[PDB]
$ cat model22.tsv   # TSV, C-alpha atoms
chain	number	residue	atom	x	y	z
Q	41	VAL	CA	-58.02	-15.44	-41.24
Q	42	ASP	CA	-55.20	-13.59	-43.03
Q	43	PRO	CA	-56.68	-10.11	-42.45
Q	44	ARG	CA	-56.80	-10.94	-38.72
Q	45	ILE	CA	-53.02	-11.44	-38.37
Q	46	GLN	CA	-51.48	-8.73	-40.61
Q	47	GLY	CA	-53.17	-5.96	-38.64
Q	48	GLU	CA	-51.70	-7.25	-35.38
Q	49	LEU	CA	-48.29	-7.54	-37.05
Q	50	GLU	CA	-48.13	-3.87	-37.99
Q	51	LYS	CA	-48.91	-2.87	-34.39
Q	52	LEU	CA	-46.02	-4.70	-32.72
Q	53	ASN	CA	-43.44	-3.31	-35.13
Q	54	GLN	CA	-44.65	0.23	-34.44
Q	55	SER	CA	-44.16	-0.39	-30.72
Q	56	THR	CA	-40.57	-1.56	-31.20
Q	57	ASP	CA	-39.81	1.68	-33.06
Q	58	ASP	CA	-41.35	3.87	-30.37
Q	59	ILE	CA	-39.50	2.00	-27.62
Q	60	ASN	CA	-36.20	2.18	-29.48
Q	61	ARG	CA	-36.76	5.93	-29.72
Q	62	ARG	CA	-37.71	6.41	-26.06
Q	63	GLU	CA	-34.71	4.35	-24.98
Q	64	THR	CA	-32.47	6.84	-26.79
Q	65	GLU	CA	-34.40	9.70	-25.20
Q	66	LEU	CA	-33.44	8.27	-21.83
Q	67	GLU	CA	-29.81	7.73	-22.88
Q	68	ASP	CA	-29.45	11.46	-23.49
Q	69	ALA	CA	-31.29	12.09	-20.22
Q	70	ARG	CA	-29.09	9.56	-18.39
Q	71	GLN	CA	-25.68	10.65	-19.64
Q	72	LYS	CA	-26.51	14.34	-19.18
Q	73	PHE	CA	-27.29	13.58	-15.54
Q	74	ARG	CA	-23.99	11.71	-15.32
Q	75	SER	CA	-22.22	14.71	-16.86
Q	76	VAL	CA	-23.83	17.35	-14.64
Q	77	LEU	CA	-23.17	15.22	-11.55
Q	78	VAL	CA	-19.41	14.90	-11.99
Q	79	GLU	CA	-19.24	18.54	-13.15
Q	80	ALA	CA	-21.01	19.63	-9.96
Q	81	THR	CA	-18.68	17.79	-7.60
Q	82	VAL	CA	-15.38	19.04	-9.00
Q	83	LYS	CA	-16.67	22.50	-8.13
Q	84	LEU	CA	-17.78	21.60	-4.60
Q	85	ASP	CA	-14.58	19.69	-3.87
Q	86	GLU	CA	-12.58	22.70	-5.07
Q	87	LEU	CA	-14.44	24.83	-2.53
Q	88	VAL	CA	-13.55	22.34	0.20
Q	89	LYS	CA	-9.84	22.85	-0.43
Q	90	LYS	CA	-10.38	26.61	-0.31
Q	91	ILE	CA	-12.28	26.54	2.99
Q	92	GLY	CA	-12.39	23.19	4.77
Q	93	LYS	CA	-12.09	23.60	8.54
Q	94	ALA	CA	-14.67	26.37	8.77
Q	95	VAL	CA	-17.36	24.33	7.01
Q	96	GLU	CA	-16.82	21.48	9.47
Q	97	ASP	CA	-17.10	23.89	12.41
Q	98	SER	CA	-20.14	25.46	10.72
Q	99	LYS	CA	-22.20	22.25	10.62
Q	100	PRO	CA	-23.09	22.48	14.34
Q	101	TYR	CA	-25.10	25.61	13.44
Q	102	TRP	CA	-26.80	24.48	10.22
Q	103	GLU	CA	-28.10	21.36	11.94
Q	104	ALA	CA	-29.37	23.64	14.71
Q	105	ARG	CA	-30.96	25.85	12.05
Q	106	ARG	CA	-32.70	22.72	10.80
Q	107	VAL	CA	-33.97	22.10	14.34
Q	108	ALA	CA	-35.15	25.74	14.38
Q	109	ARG	CA	-37.51	25.03	11.47
Q	110	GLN	CA	-38.62	21.73	13.03
Q	111	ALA	CA	-39.21	23.19	16.51
Q	112	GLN	CA	-41.24	26.00	14.93
Q	113	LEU	CA	-43.69	23.65	13.17
Q	114	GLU	CA	-44.36	22.05	16.55
Q	115	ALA	CA	-45.67	25.41	17.74
Q	116	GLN	CA	-47.63	25.89	14.49
Q	117	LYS	CA	-49.74	22.90	15.50
Q	118	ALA	CA	-49.85	23.97	19.14
Q	119	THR	CA	-50.96	27.57	18.59
Q	120	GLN	CA	-53.61	26.69	15.97
Q	121	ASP	CA	-55.06	23.72	17.89
Q	122	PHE	CA	-55.31	26.14	20.83
Q	123	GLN	CA	-56.87	28.92	18.74
Q	124	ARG	CA	-59.54	26.47	17.55
Q	125	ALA	CA	-60.13	25.40	21.15
Q	126	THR	CA	-60.66	29.01	22.29
Q	127	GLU	CA	-63.08	29.70	19.42
Q	128	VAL	CA	-65.11	26.57	20.17
Q	129	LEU	CA	-65.40	27.69	23.80
Q	130	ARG	CA	-66.54	31.17	22.75
Q	131	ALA	CA	-69.15	29.99	20.25
Q	132	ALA	CA	-70.47	27.66	22.94
Q	133	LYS	CA	-70.32	30.48	25.48
Q	134	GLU	CA	-72.38	32.55	23.05
Q	135	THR	CA	-74.89	29.75	22.51
Q	136	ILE	CA	-75.24	29.44	26.28
Q	137	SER	CA	-75.24	33.19	27.03
Q	138	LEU	CA	-77.97	33.95	24.49
Q	139	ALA	CA	-79.90	31.02	25.93
Q	140	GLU	CA	-79.08	32.30	29.43
Q	141	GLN	CA	-80.91	35.56	28.78
Q	142	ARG	CA	-84.10	33.69	27.93
Q	143	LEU	CA	-83.28	31.23	30.72
Q	144	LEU	CA	-83.58	33.69	33.60
Q	145	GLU	CA	-87.12	34.58	32.55
Q	146	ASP	CA	-88.63	31.18	31.69
Q	147	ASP	CA	-91.54	33.37	30.60
Q	148	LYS	CA	-91.13	32.48	26.94
Q	149	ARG	CA	-94.26	30.66	25.80
Q	150	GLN	CA	-93.47	29.38	22.33
Q	151	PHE	CA	-89.81	30.30	22.59
Q	152	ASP	CA	-88.78	28.41	25.75
Q	153	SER	CA	-89.49	24.96	24.29
Q	154	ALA	CA	-87.36	25.78	21.25
Q	155	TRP	CA	-84.55	27.17	23.41
Q	156	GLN	CA	-84.02	24.30	25.83
Q	157	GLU	CA	-82.81	21.78	23.26
Q	158	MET	CA	-80.22	24.35	22.17
Q	159	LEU	CA	-79.13	25.01	25.75
Q	160	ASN	CA	-78.82	21.35	26.79
Q	161	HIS	CA	-76.67	20.68	23.73
Q	162	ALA	CA	-74.48	23.73	24.36
Q	163	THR	CA	-74.05	22.74	28.02
Q	164	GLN	CA	-72.97	19.30	26.81
Q	165	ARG	CA	-70.84	21.05	24.19
Q	166	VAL	CA	-68.76	22.99	26.73
Q	167	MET	CA	-68.00	19.74	28.57
Q	168	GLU	CA	-66.01	18.61	25.55
Q	169	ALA	CA	-64.62	22.06	24.72
Q	170	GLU	CA	-62.95	22.95	28.03
Q	171	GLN	CA	-61.09	19.64	28.05
Q	172	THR	CA	-59.66	20.00	24.55
Q	173	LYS	CA	-58.95	23.60	25.55
Q	174	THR	CA	-56.89	22.67	28.60
Q	175	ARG	CA	-55.11	20.01	26.55
Q	176	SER	CA	-54.32	22.44	23.73
Q	177	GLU	CA	-53.33	25.33	26.01
Q	178	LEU	CA	-50.65	23.08	27.51
Q	179	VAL	CA	-49.42	21.83	24.13
Q	180	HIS	CA	-49.17	25.52	23.27
Q	181	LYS	CA	-46.78	25.78	26.22
Q	182	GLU	CA	-44.64	22.70	25.57
Q	183	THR	CA	-43.59	23.54	22.01
Q	184	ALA	CA	-43.13	27.23	22.81
Q	185	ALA	CA	-40.17	26.76	25.15
Q	186	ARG	CA	-38.52	24.34	22.72
Q	187	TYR	CA	-38.99	27.07	20.13
Q	188	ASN	CA	-37.33	29.58	22.47
Q	189	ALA	CA	-34.57	27.14	23.40
Q	190	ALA	CA	-33.95	26.33	19.74
Q	191	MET	CA	-33.55	30.01	18.90
Q	192	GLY	CA	-31.57	30.55	22.08
Q	193	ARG	CA	-29.30	27.68	21.10
Q	194	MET	CA	-29.22	28.86	17.49
Q	195	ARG	CA	-28.46	32.37	18.78
Q	196	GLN	CA	-25.77	31.01	21.10
Q	197	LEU	CA	-24.39	29.04	18.16
Q	198	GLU	CA	-24.93	32.12	15.99
Q	199	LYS	CA	-22.72	34.28	18.22
Q	200	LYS	CA	-20.20	31.45	18.62
Q	201	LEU	CA	-17.98	30.53	15.67
Q	202	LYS	CA	-19.48	33.29	13.47
Q	203	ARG	CA	-16.19	33.14	11.62
Q	204	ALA	CA	-16.81	29.51	10.78
Q	205	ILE	CA	-20.31	30.29	9.54
Q	206	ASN	CA	-19.10	33.19	7.41
Q	207	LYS	CA	-16.59	31.13	5.45
Q	208	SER	CA	-19.00	28.22	4.90
Q	209	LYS	CA	-21.65	30.47	3.37
Q	210	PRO	CA	-20.59	30.05	-0.27
Q	211	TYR	CA	-20.31	26.25	0.08
Q	212	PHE	CA	-23.92	25.62	1.10
Q	213	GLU	CA	-25.06	27.99	-1.66
Q	214	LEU	CA	-23.46	26.13	-4.57
Q	215	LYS	CA	-24.67	23.04	-2.75
Q	216	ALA	CA	-28.17	24.50	-2.88
Q	217	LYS	CA	-27.95	25.61	-6.52
Q	218	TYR	CA	-26.85	22.12	-7.58
Q	219	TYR	CA	-29.31	20.41	-5.21
Q	220	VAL	CA	-32.34	22.06	-6.82
Q	221	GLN	CA	-30.93	21.28	-10.28
Q	222	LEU	CA	-30.51	17.58	-9.56
Q	223	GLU	CA	-33.93	17.14	-7.94
Q	224	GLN	CA	-35.42	18.52	-11.16
Q	225	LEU	CA	-33.31	16.19	-13.33
Q	226	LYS	CA	-34.02	13.01	-11.35
Q	227	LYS	CA	-37.74	13.59	-11.87
Q	228	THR	CA	-37.18	14.00	-15.61
Q	229	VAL	CA	-35.35	10.67	-15.73
Q	230	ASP	CA	-37.69	8.90	-13.31
Q	231	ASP	CA	-40.83	9.97	-15.18
Q	232	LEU	CA	-39.30	8.99	-18.52
Q	233	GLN	CA	-38.34	5.63	-16.96
Q	234	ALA	CA	-41.96	5.08	-15.94
Q	235	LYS	CA	-43.09	5.94	-19.46
Q	236	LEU	CA	-40.61	3.34	-20.73
Q	237	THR	CA	-42.01	0.48	-18.68
Q	238	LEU	CA	-45.56	1.24	-19.76
Q	239	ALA	CA	-44.41	1.05	-23.38
Q	240	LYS	CA	-42.40	-2.12	-22.83
Q	241	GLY	CA	-45.38	-3.29	-20.79
Q	242	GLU	CA	-47.94	-2.70	-23.54
Q	243	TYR	CA	-45.50	-4.38	-25.93
Q	244	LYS	CA	-45.53	-7.55	-23.83
Q	245	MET	CA	-49.30	-7.19	-23.65
Q	246	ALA	CA	-49.51	-7.10	-27.44
Q	247	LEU	CA	-47.54	-10.33	-27.77
Q	248	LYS	CA	-49.89	-12.18	-25.40
Q	249	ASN	CA	-52.64	-11.56	-27.95
Q	250	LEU	CA	-50.63	-13.47	-30.56
Q	251	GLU	CA	-50.51	-16.48	-28.25
Q	252	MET	CA	-54.25	-16.17	-27.78
Q	253	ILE	CA	-54.90	-15.44	-31.47
Q	254	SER	CA	-52.80	-18.46	-32.47
Q	255	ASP	CA	-54.87	-20.38	-29.91
Q	256	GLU	CA	-58.07	-18.81	-31.30
Q	257	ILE	CA	-57.36	-19.49	-34.99
Q	258	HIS	CA	-56.48	-23.05	-33.96
Q	259	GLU	CA	-60.13	-23.85	-33.12
Q	260	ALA	CA	-61.19	-22.69	-36.59
Q	261	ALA	CA	-58.58	-25.00	-38.12
Q	262	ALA	CA	-60.06	-28.10	-36.50
Q	263	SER	CA	-63.35	-27.73	-38.39
$ encode --input "model22.tsv" --output "structure tokens"
Amino acid sequence: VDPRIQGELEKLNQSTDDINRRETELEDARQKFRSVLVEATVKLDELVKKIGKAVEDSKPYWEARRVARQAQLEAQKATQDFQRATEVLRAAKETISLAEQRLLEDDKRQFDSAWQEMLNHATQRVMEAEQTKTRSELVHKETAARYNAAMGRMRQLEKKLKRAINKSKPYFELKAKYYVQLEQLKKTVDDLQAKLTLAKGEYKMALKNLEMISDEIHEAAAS
């Protein structure tokens, strides 16, 4: 079948054009990343020569400042898992206390039967709550000191070698301005790269049809 093959032919040649285009789109994306990279580093290395020793002496603090953020997020879990534990205890205390008012009387006729299932659950609820409470109230304590020690150490390392930290300030800033630029560029290249392989992938997929179509037209030929 001649009409069967010519249609498939047009498709593969359109793919090769699209791929050839997208390859060149990456080339401009690749070399521009190469260019920005080397351009970035001649600036940062120049800063090193300006102020070298201070930056080295500054790194004990910045690593400690990193720990400051990490020690904090330990507390963020501790305080909130404790806040939840206190609320669960209160809501269960409420469920019990409201039941307790109707529990002293036992005079409720139609109400007492309804109440007791609620009470028995709540009394079994507090069994679980107080334990997660005591666990969380201690976790609240563990992270807290580390958070105080981290600040205390940061503060101690703040007050010590301030001079070192002052001179290193511009270095980490151009480091940060380039860092956020590169992270954005990598994603542009990486996502284009993925889009390449899907195109080169669907191109290989289109050729497999030809093998099958040649195989398929072969059966018709035998007749």
$ atom_distance --input "model22.tsv" --atom1 "CA of residue 247 (chain Q)" --atom2 "CA of residue 57 (chain Q)"
15.2 Å
$ residues_around --input "model22.tsv" --residues "residue 55 (chain Q)" --least-positions-apart "4" --cutoff "8 Å" --atoms "only C-alpha atoms" --output "list in words"
residues 51, 59, 239 and 243 of chain Q
$ residues_around --input "model22.tsv" --residues "region 206-220 of chain Q" --least-positions-apart "6" --cutoff "8 Å" --atoms "only C-alpha atoms" --output "JSON, numbers by chain"
{"Q": [80, 84, 87, 88, 91, 94, 95, 98]}
$ closest_residue --input "model22.tsv" --among "Q:226, Q:258, Q:244, Q:193" --to "residue 72 (chain Q)" --atoms "only C-alpha atoms"
Q:226
$ atom_distance --input "model22.tsv" --atom1 "CA of residue 184 (chain Q)" --atom2 "CA of residue 197 (chain Q)"
19.4 Å
$ closest_atom_pairs --input "model22.tsv" --of "region 153-191 of chain Q" --to "region 123-138 of chain Q" --cutoff "8 Å" --atoms "all atoms listed in the file" --output "tab-separated table"
residue	atom	partner	partner_atom	distance
Q:158	CA	Q:135	CA	7.6
Q:159	CA	Q:136	CA	5.9
Q:162	CA	Q:132	CA	5.8
Q:163	CA	Q:136	CA	7.0
Q:165	CA	Q:132	CA	6.7
Q:166	CA	Q:132	CA	6.3
Q:169	CA	Q:129	CA	5.8
Q:170	CA	Q:129	CA	6.8
Q:172	CA	Q:125	CA	6.4
Q:173	CA	Q:125	CA	4.9
Q:176	CA	Q:125	CA	7.0
$ closest_residue --input "model22.tsv" --among "Q:139, Q:44, Q:236, Q:73" --to "residue 224 (chain Q)" --atoms "all atoms listed in the file"
Q:73
$ closest_residue --input "model22.tsv" --among "Q:110, Q:58, Q:103, Q:45" --to "residue 249 (chain Q)" --atoms "only C-alpha atoms"
Q:45
$ residues_around --input "model22.tsv" --residues "residue 250 (chain Q)" --least-positions-apart "5" --cutoff "10 Å" --atoms "all atoms listed in the file" --output "list in words"
residues 45, 48, 49, 245, 255 and 256 of chain Q
$ closest_residue --input "model22.tsv" --among "Q:259, Q:182, Q:242, Q:85" --to "residue 116 (chain Q)" --atoms "only C-alpha atoms"
Q:182
$ atom_distance --input "model22.tsv" --atom1 "CA of residue 231 (chain Q)" --atom2 "CA of residue 71 (chain Q)"
15.8 Å
